[PDB]
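One structure is given here, and the rest of the page talks about it.
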Amino acid sequence: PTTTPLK
Ligand SMILES: *[C@H]1O[C@H](CO)[C@H](O)[C@H](O)[C@H]1NC(C)=O
Ligand SMILES: *[C@H]1O[C@H](CO)[C@H](O)[C@H](O)[C@H]1NC(C)=O
């Protein structure tokens, strides 16, 4: 589970 800096 990984995402980019908010929007
Ligand atoms: C990426 O988005 C997810 C889902 O909102 C989480 O907030 C996660 O903490 C985010 N990653 C970063 C590096 O901000
Ligand atoms: C972070 O940016 C990436 C593009 O590299 C994706 O668009 C991802 O969906 C973004 N995450 C959020 C939480 O907007």
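Residues are named by chain letter and number: chains run A, B, ... in the order of the structure tokens, numbers start at 1 in each chain, and ligands are numbered from 1 in the order shown.
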* **Surrounding residues as a VMD selection string, ligand 1, max 6 Å, only C-alpha atoms and all ligand atoms** => chain A and resid 3 to 6
Produce a file of the selected residues containing N, CA and C atoms, as a compact mmCIF listing (two decimals), in the first residue's frame.
```
# COMPACT_ATOMS: atom_id res chain seq x y z
N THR A 3 0.97 5.52 -1.76
CA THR A 3 0.32 6.57 -2.54
C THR A 3 1.24 7.78 -2.68
N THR A 4 0.83 8.73 -3.50
CA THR A 4 1.63 9.93 -3.72
C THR A 4 1.17 11.06 -2.81
N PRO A 5 2.04 11.99 -2.53
CA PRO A 5 1.73 13.15 -1.65
C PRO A 5 0.38 13.77 -1.97
N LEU A 6 -0.63 13.43 -1.18
CA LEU A 6 -1.97 13.95 -1.40
C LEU A 6 -2.19 14.27 -2.88
```
